[PDB]
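Protein sequences, first through last, are from chains a and b. All letters in the first sequence, in the order written, are residues 2 to 54 by the authors' numbering. All letters in the second sequence, in the order written, are residues 2 to 244 by the authors' numbering. Just so you know, even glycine gets a beta-carbon here, dropped at the ideal spot from N, CA and C. Okay, structure first, notes after.
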Amino acid sequence: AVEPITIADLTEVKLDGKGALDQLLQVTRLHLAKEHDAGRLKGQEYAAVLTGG
Amino acid sequence: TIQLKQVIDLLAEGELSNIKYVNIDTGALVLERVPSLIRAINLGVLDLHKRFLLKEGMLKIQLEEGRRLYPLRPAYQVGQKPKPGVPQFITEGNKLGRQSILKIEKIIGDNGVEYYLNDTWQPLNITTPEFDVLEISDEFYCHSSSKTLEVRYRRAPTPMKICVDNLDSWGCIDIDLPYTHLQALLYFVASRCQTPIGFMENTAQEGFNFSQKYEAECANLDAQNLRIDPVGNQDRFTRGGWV
Numbered sequence: 002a003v004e005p006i007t008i009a010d011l012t013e014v015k016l017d018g019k020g021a022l023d024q025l026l027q028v029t030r031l032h033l034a035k036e037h038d039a040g041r042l043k044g045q046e047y048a049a050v051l052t053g054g
Numbered sequence: 002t003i004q005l006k007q008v009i010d011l012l013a014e015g016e017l018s019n020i021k022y023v024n025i026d027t028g029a030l031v032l033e034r035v036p037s038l039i040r041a042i043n044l045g046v047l048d049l050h051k052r053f054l055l056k057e058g059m060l061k062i063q064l065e066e067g068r069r070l071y072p073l074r075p076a077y078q079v080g081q082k083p084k085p086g087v088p089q090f091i092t093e094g095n096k097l098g099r100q101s102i103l104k105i106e107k108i109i110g111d112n113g114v115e116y117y118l119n120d121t122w123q124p125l126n127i128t129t130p131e132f133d134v135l136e137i138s139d140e141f142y143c144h145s146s147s148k149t150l151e152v153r154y155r156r157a158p159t160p161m162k163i164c165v166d167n168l169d170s171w172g173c174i175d176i177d178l179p180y181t182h183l184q185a186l187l188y189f190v191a192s193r194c195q196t197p198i199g200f201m202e203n204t205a206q207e208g209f210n211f212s213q214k215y216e217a218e219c220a221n222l223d224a225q226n227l228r229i230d231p232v233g234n235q236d237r238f239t240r241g242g243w244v
């Protein structure tokens, strides 16, 4: 009953992977994308927030 | 003096790329806020026509003795809709729209004489009480000897009507401008659209910067003299006496 948690479990290198880091980044991207689609973000705060986070 | 709307939108992509108007965040392609973009562009064109002449028009009024007020509205113009309560006395000239008369400039009779406009106490003065109406006094009828009038005025084009079925193409629409004032119109629209967005230090000033560039470009066009400019050379020697 010992499943070894590995780097693949944390994150595989692909952008669309299923790693925890990957999916957290994806949900952050979705929230920012909706914010930009509404008239509330320019295309530069989008990058600033992500890089900070 | 025409430009395809297609080219305009493709270029405005290069300066509205930051914001919602034209881009999905992924695969930046034009959205369908094209109606709002058109409504902004029409205002820009009107402003440019305010700042420079770029156009002028002509009418021809057939006088009627005993009349006091002649309004210039698209219900009195030949070829328009003949409202029964009004007699259609504007018999010739550019088709009249809602925004066509920016200012009346010259009034020329059938004899070649030139009457006076808003010059009080002049012999045969014509007064505009409401900026689109000619008030003709009775002394004019007493000494007129003219059965018709010719009017010249500063024009602005009539925008083309967009339609929900026309949302198919939107690229056959033709803006009415020379290309120079296109380069200026780009900055105008960009400023107007970018003003109400942004909360970072450098991103809160894009609207102001675009306004500044718009003013600079207008000044440059004035300096280069790319608009119509009549210059007067009277005779002064045929009155009899100055020779």
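Legend entry - Member of b:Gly94, b:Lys96, b:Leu64, b:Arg99 whose CA lies at the smallest distance from the CA of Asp111 of chain b: Here the question's residue 111 of chain b lines up with position 110 in the second sequence. The candidate whose alpha carbon is nearest that of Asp111 of chain b is b:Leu64.
Legend entry - Interfacial residues, the segment 29-41 of chain a to chain b, with Cβ spacing under 9 Å: Residues of the segment 29-41 of chain a with a C-beta atom less than 9 Å from some C-beta of chain b are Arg30, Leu33, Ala34, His37, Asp38, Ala39, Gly40, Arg41, listed in chain order.
Legend entry - Contact set between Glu46 of chain a and chain b, taken where Cβ atoms lie within less than 8 Å: For the purposes of this step, residue 46 of chain a is taken as residue 45 along the first sequence, with counting starting at 1. Chain b residues near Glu46 of chain a: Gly199, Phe200, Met201, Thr204.
Legend entry - Under 7 Å by beta carbon: chain b residues contacting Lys43 of chain a: Taking the first residue of the first sequence as 1, we reach residue 43 of chain a at position 42. For the C-beta of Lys43 of chain a, the chain b residues within less than 7 Å are, from N- to C-terminus, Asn19, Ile20, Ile198, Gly199, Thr204.
Inset, instruction - Could you tell me which chain a residues have their CB closer than 9 Å to the CB of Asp26 of chain b, listed as they occur along the chain? - result: Along the second sequence, read from residue 1 onward, the residue named residue 26 of chain b stands at position 25. Against chain a, the beta carbon of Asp26 of chain b has neighbours under 9 Å at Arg30, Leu33, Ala34, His37, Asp38, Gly44, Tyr47, listed in chain order.
Inset, instruction - Taking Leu5 of chain b as part of the beta strand (DSSP E), name the residues at either end of that continuous run. - result: Residue mapping note: residue 5 of chain b aligns to position 4 of the second sequence, counting from 1. Taken as a continuous stretch (DSSP letters only), the beta strand (DSSP E) holding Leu5 of chain b covers 3-5.
Inset, instruction - Whole angstroms is fine: what's the gap from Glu218 of chain b's alpha carbon to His50 of chain b's? - result: Here the question's residue 218 of chain b lines up with position 217 in the second sequence. Here the question's residue 50 of chain b lines up with position 49 in the second sequence. So the alpha carbons of these two residues sit roughly 15 Å apart.
Legend entry - Residue burial classification, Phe53 of chain b (beta-carbon count within 10 angstroms, cutoff 16): For the purposes of this step, residue 53 of chain b is taken as residue 52 along the second sequence, with counting starting at 1. Classification for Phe53 of chain b: buried.
Inset, instruction - Kindly indicate which residue of b:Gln213, b:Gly241, b:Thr181 has the alpha-carbon position closest to the one of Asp223 of chain b. - result: For this step, residue 223 of chain b is matched to residue 222 along the second sequence. Of the candidates b:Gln213, b:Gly241, b:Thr181, the one whose C-alpha sits nearest the C-alpha of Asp223 of chain b is b:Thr181.
Inset, instruction - In the DSSP assignment, find the unbroken alpha helix (DSSP H) run with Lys35 of chain a in it and report its ends. - result: One-based indexing of the first sequence puts residue 35 of chain a at position 34. Element bounds for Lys35 of chain a: 21-38.
Legend entry - Classification of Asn226 of chain b by the beta-carbon crowding that lies within 10 angstroms, buried from 16 upward: Counting from 1 along the second sequence, the entry for residue 226 of chain b is found at position 225. The residue in question, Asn226 of chain b, is exposed, as its Cβ has fewer than 16 Cβ neighbours within 10 Å.
Legend entry - Three-way DSSP call (helix, strand, coil) for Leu135 of chain b in this model: Position 134 of the second sequence, counting from 1, holds the residue named residue 135 of chain b. DSSP places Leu135 of chain b in strand when its eight states are reduced to three.
Legend entry - Per-residue DSSP class, three states only, for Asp175 of chain b: Counting from one through the second sequence, the residue named residue 175 of chain b turns up at place 174. It is a strand residue.
Inset, instruction - Specify the secondary structure class of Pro160 of chain b as computed by DSSP and reduced to three states. - result: By 1-based counting over the second sequence, the position of residue 160 of chain b is 159. Assigned with DSSP and collapsed to three states, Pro160 of chain b falls in coil, not helix or strand.
Legend entry - CA-to-CA distance, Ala29 of chain b to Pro158 of chain b, given in whole angstroms: Taking the first residue of the second sequence as 1, we reach residue 158 of chain b at position 157. Taking the first residue of the second sequence as 1, we reach residue 29 of chain b at position 28. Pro158 of chain b and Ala29 of chain b: Cα-Cα distance of roughly 33 Å.
Inset, instruction - Give the DSSP-derived three-state secondary structure of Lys148 of chain b in the structure shown. - result: For this step, residue 148 of chain b is matched to residue 147 along the second sequence. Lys148 of chain b carries a coil assignment under DSSP once its states are collapsed to helix, strand and coil.
Legend entry - the segment 153-167 of chain b contacting the segment 101-116 of chain b, beta-carbon criterion three pairs below 8 Å: The segment 153-167 of chain b, when compared against the segment 101-116 of chain b, does touch it at the 8 Å Cβ threshold.
Inset, instruction - On the DSSP bridge assignment, give the partners of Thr128 of chain b in chain order. - result: Translated into positions along the second sequence, residue 128 of chain b becomes position 127. Looking at the DSSP output, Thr128 of chain b sits in a beta bridge with b:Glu136.
Inset, instruction - Would you decide whether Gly45 of chain b is buried or exposed? Buried here means 16 or more other CB atoms lie within 10 Å of its CB. - result: Here residue 45 of chain b refers to the residue found at position 44 of the second sequence. Residue burial annotation: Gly45 of chain b is buried, with at least 16 other C-beta atoms found within 10 angstroms of its C-beta.
Inset, instruction - List in chain order: all unbroken alpha helix (DSSP H) runs of 4+ residues lying wholly within the segment 18-78 of chain b. - result: List check, alpha helix (DSSP H) in window: 35-52.
Inset, instruction - Please report the residue range of the alpha helix (DSSP H) in which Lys214 of chain b lies. - result: On the second sequence, residue 214 of chain b is found 213 positions in, with the first residue counted as 1. DSSP places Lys214 of chain b inside the alpha helix (DSSP H), whose first and last residues are 207-225.
Legend entry - Proximity winner among b:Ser170, b:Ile174, b:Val152, relative to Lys162 of chain b (alpha-carbon distances): Taking the second sequence and counting its residues from 1, one reaches residue 162 of chain b at position 161. Comparing C-alpha distances from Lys162 of chain b to each of b:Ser170, b:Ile174, b:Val152 shows the shortest one belongs to b:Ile174.
Legend entry - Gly242 of chain b (DSSP reduced to helix, strand or coil): For this step, residue 242 of chain b is matched to residue 241 along the second sequence. Three-state DSSP puts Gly242 of chain b in coil, outside helix and strand.
Inset, instruction - Would you decide whether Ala191 of chain b is buried or exposed? Buried here means 16 or more other CB atoms lie within 10 Å of its CB. - result: Here the question's residue 191 of chain b lines up with position 190 in the second sequence. The residue in question, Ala191 of chain b, is buried, as its Cβ has 16 or more Cβ neighbours within 10 Å.
Inset, instruction - Using beta-carbon positions only, say whether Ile108 of chain b and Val152 of chain b come within less than 8 Å of one another. - result: By 1-based counting over the second sequence, the position of residue 108 of chain b is 107. By 1-based counting over the second sequence, the position of residue 152 of chain b is 151. Going by C-beta atoms, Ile108 of chain b is nearer than 8 Å to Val152 of chain b.
Inset, instruction - Would you mind reading off the limits of the alpha helix (DSSP H) that contains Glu46 of chain a? - result: Translated into the one-based positions of the first sequence, residue 46 of chain a becomes position 45. Going by DSSP, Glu46 of chain a is part of the alpha helix (DSSP H) stretching over 46-53.
Inset, instruction - Would you be able to state if there are at least three C-beta pairs under 8 Å between the segment 36-49 of chain a and the segment 198-212 of chain b? - result: Judged by Cβ distances under 8 Å, the segment 198-212 of chain b makes contact with the segment 36-49 of chain a, as three or more pairs qualify.
Legend entry - Beta-carbon proximity check, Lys84 of chain b vs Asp38 of chain a, cutoff 8 Å: One-based indexing of the second sequence puts residue 84 of chain b at position 83. One-based indexing of the first sequence puts residue 38 of chain a at position 37. Contact: no.
Legend entry - Range covered by the alpha helix (DSSP H) that runs through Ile91 of chain b: For the purposes of this step, residue 91 of chain b is taken as residue 90 along the second sequence, with counting starting at 1. Judged by DSSP secondary structure, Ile91 of chain b falls outside any alpha helix (DSSP H); it is assigned neither H nor E.
Inset, instruction - Kindly identify the DSSP beta-bridge partner or partners of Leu42 of chain a. - result: The residue you call residue 42 of chain a lines up with position 41 of the first sequence. Within the DSSP secondary-structure output, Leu42 of chain a pairs in no beta bridge.
Inset, instruction - Determine the extent of the beta strand (DSSP E) in which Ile8 of chain a is found, giving its start and end residues. - result: Within the first sequence, numbered from 1, the residue matching residue 8 of chain a stands at position 7. Going by DSSP, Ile8 of chain a is part of no beta strand (DSSP E) but of the alpha helix (DSSP H) stretching over 8-11.
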